[PDB]
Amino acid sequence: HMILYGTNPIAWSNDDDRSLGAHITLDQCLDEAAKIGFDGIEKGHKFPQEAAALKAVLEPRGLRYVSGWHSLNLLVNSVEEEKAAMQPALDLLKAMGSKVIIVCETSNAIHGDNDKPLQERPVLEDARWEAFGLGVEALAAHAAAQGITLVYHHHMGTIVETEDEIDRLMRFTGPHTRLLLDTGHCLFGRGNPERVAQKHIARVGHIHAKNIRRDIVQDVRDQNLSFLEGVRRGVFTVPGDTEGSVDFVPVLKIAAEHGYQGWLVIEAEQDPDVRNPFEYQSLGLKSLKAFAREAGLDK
């Protein structure tokens, strides 16, 4: 299949606040992801990191290793220091047959800081954008020569959150650097997911189909809450949730018309005690397959 459907384990156990879903084992997360019908799953903090041990848990379940998140520190480290820091993840992705590496500059990110409101998130100095993009494209070209496509995950609480900052990254990068379009983080950052698709679909190498609850997002803006406070309150949900705001079909229709191939990943951090991972991820996969069908992306 050219279009593959994945999930992300943070719907079961959160990476940034490990108390969320701490009670859910790796076995429960992988068992349920396989039963629901996902073709594969992305890396989470409970995952093994040796290729032989990671195959031992994913192959019996029929799950492919979609990719793994890898933090960048180009704002405080050199490019060479970051090529070294990135190589271990490239070795695992290659050994696992993965074609993509997910990256995001977190040196000064605040999404993992429970005490810091999202409005206090870092903004990259205007002068630094060109050098930062050159460091990103250098890492992208390093990975591409090893057969791995680099996709940058724009994220709340980081220097790349707004739609205009997604444009600036895409202007100061290329050709190997690709965008990971996360529809949840895009709309949360006041961007328009459909408009971002129109501009950058040709450079999109990975897609996260994440929904948002508009009422909860407005609470995070009015009360000036942190990123993780929002997650615990339900800022994110899955495609198909009536409480969501993201219009997925127009995004997938743009991807269909430009011949996108690769993964569509249901990613929805929530409090798993209140938002049962099996129920919401099940609704996400069903709804996202139907949306992709309606958009002409999956036939």
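Note that residue numbering begins at 1 and tracks the sequence as displayed.
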| query | finding |
| --- | --- |
| Residue range whose averaged C-alpha B-factor is higher in the record, 67-75 or 180-188 | 67-75 |
| Residue stretch of maximal mean CA temperature factor, 77-85 vs 102-110 | 77-85 |
| Highest recorded Cα temperature factor - choice among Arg128, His155, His206, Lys210 | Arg128 |
| Ranked C-alpha temperature factor of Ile3 among modelled chain residues, by third | middle |
| Chain-relative CA temperature factor third for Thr242 | middle |
| Entry-reported Cα temperature factor of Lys253, expressed as the chain third it lands in | middle |
| CA B-factor placement of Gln49, once the chain's modelled residues are sorted into thirds | highest |
| Ranked C-alpha temperature factor of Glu59 among modelled chain residues, by third | middle |
